[PDB]
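Engineer: Handing you this structure, nothing more for now.
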Amino acid sequence: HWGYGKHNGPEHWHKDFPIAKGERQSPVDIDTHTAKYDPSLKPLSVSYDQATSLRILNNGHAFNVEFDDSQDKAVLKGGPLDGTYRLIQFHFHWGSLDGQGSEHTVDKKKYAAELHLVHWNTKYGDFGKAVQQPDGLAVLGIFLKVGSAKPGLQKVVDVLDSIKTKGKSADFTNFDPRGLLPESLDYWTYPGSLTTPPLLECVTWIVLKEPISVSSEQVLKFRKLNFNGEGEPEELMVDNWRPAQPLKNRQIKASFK
Ligand SMILES: CSC1=S=Nn2c1nc1ccc(S(N)(=O)=O)cc12
Ligand code: NA
Ligand SMILES: [Zn+2]
């Protein structure tokens, strides 16, 4: 029932998922000036060399590129993390216009889109168990601005016409997620939640300071996807972002400056 419309959008989610008004919800606005520099934060360790993408799926909320997470093939560690976290999938949130689409904001600035690379703590054995733990997930968030094309994104964009509507999936092998990363791994970090139902408060957020640039044609292809199923009338998959939630009793930490 939940989605991103006038009658089922983020402002309605609390009725089915009361944790929507919880103490550690995501996303948030990142106030760059009040973020606390922590010189004891380690560099982020991204080990994606052995990544195995499997499939791409339109789930009716976004599209997800799924990975083989049955071994330590693509892992996140270091940074603010004590554990090793396995890459399970990535997806994006994006807007109807280039001026909105990101979930996190930076000094109230919205980006055109936001990439989430979702990882789960291996000490919990699977994703389903990890989401029930306050240190279960690490989501690496990367902002997208519209400018030059991201060549490493083009394989994703090109396959989207095959997964136009809710429920559709396609084989998607040999995709290298390293082609989606900016030059710098400087980051902000804070404890938060899934940004869609069930909104579980299980995520260590790591948001990269440097956005990647994608072209207008690339983001236009995102906007041609459908929220609806093949049988159903067309609602374009746009503005599938949750707005910033109250920071409450949390501090955002910075690895830099
Ligand atoms: C196997 S279901 C699954 S795998 N990764 N995720 C899932 N549900 C999610 C719901 C939300 C997010 S988010 N927007 O990265 O906080 C990631 C999710
Ligand atoms: Na919707
Ligand atoms: Zn997300």
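Each chain in the structure tokens gets a letter, A, B and so on, in the order shown; residues start at 1 in every chain, and ligands are counted from 1 in the order they appear.
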Which residues come within 7 Å of residue A:254, counting only C-alpha atoms, excluding same-chain residues fewer than 4 positions away, as a list in words?
Structural biologist: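 After dropping sequence-adjacent residues, the list is residues 35, 36, 37, 38, 187, 188 and 189 of chain A.
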Engineer: Within 6 Å of stretch 130-145 of chain A, counting only C-alpha atoms, which residues qualify if same-chain residues fewer than 4 places away don't, as a list in words?
Structural biologist: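 Skipping anything fewer than 4 positions along the chain leaves residues 111, 112, 113, 114, 115, 116, 117, 118, 119, 120, 121, 124, 202, 203, 204, 205, 206, 207, 208, 211, 212 and 213 of chain A.
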Engineer: Just want the 8 Å neighbourhood of residue A:77, counted on only C-alpha atoms, with same-chain residues fewer than 5 positions away dropped. Output as a list in words.
Structural biologist: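 Everything that qualifies: residues 44, 45, 46, 82, 83, 84 and 85 of chain A.
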Engineer: So which one's closest to ligand 3, A:42, A:21, A:61, A:166? Using only C-alpha atoms and all ligand atoms, please.
Structural biologist: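 The closest residue to ligand 3 is A:61.
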Engineer: With only C-alpha atoms as the counted atoms, please give the residues lying no more than 6 Å from stretch 215-231 of chain A, apart from itself and same-chain residues fewer than 5 positions off, as a PyMOL selection string.
Structural biologist: chain A and resi 60+146-149+164-166+236-238
Engineer: So which one's closest to residue A:90, A:234, A:201, A:176, A:103? Using only C-alpha atoms, please.
Structural biologist: A:176
Engineer: Using only C-alpha atoms, find each residue of stretch 74-152 of chain A with at least one atom at most 7 Å away from an atom of stretch 62-67 of chain A; report its shortest atom-to-atom pair and that distance in Å (one decimal), sort the rows by chain and rising residue number, and return the result as a tab-separated table.
Structural biologist:
```
residue	atom	partner	partner_atom	distance
A:87	CA	A:67	CA	6.8
A:88	CA	A:67	CA	5.2
A:89	CA	A:66	CA	4.4
A:90	CA	A:65	CA	5.4
A:91	CA	A:64	CA	4.7
A:92	CA	A:62	CA	6.7
A:93	CA	A:62	CA	6.9
```
Engineer: Please save C-alpha atoms of the selected residues as a short mmCIF file (atom, residue, chain, number, x, y, z; two decimals), in the first residue's frame.
Structural biologist:
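Result written to part.cif:
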```cif
data_model
loop_
_atom_site.label_atom_id
_atom_site.label_comp_id
_atom_site.auth_asym_id
_atom_site.auth_seq_id
_atom_site.Cartn_x
_atom_site.Cartn_y
_atom_site.Cartn_z
CA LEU A 87 27.20 -5.78 -0.40
CA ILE A 88 23.70 -7.14 -1.07
CA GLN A 89 22.30 -4.60 -3.55
CA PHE A 90 22.30 -1.03 -4.76
CA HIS A 91 19.48 1.22 -5.88
CA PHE A 92 18.80 4.91 -6.45
CA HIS A 93 16.29 7.54 -5.44
#
```
Engineer: Measuring between only C-alpha atoms and all ligand atoms, which one of A:248, A:86, A:155, A:6 shows the shortest distance to ligand 1?
Structural biologist: A:86
Engineer: Counting only C-alpha atoms, which of A:125, A:68, A:195, A:56 gets nearest to residue A:160?
Structural biologist: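 When distances to residue A:160 are compared using only C-alpha atoms, the smallest one comes from A:56.
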Engineer: Ligand 2: which residues are within 6 Å, counting only C-alpha atoms and all ligand atoms? Reply as a VMD selection string.
Structural biologist: chain A and resid 3 to 5 227
Engineer: Run DSSP on the backbone and tell me which residues of stretch 51-249 of chain A come out as alpha helix (DSSP H); list them as an MDAnalysis selection string.
Structural biologist: chainID A and resid 127:130 154:159 216:222
Engineer: Enumerate the residues of stretch 175-256 of chain A with a DSSP assignment of strand (DSSP E), computed from the backbone, and present them as a PyMOL selection string.
Structural biologist: chain A and resi 187-192+203-208+212-214+253-254
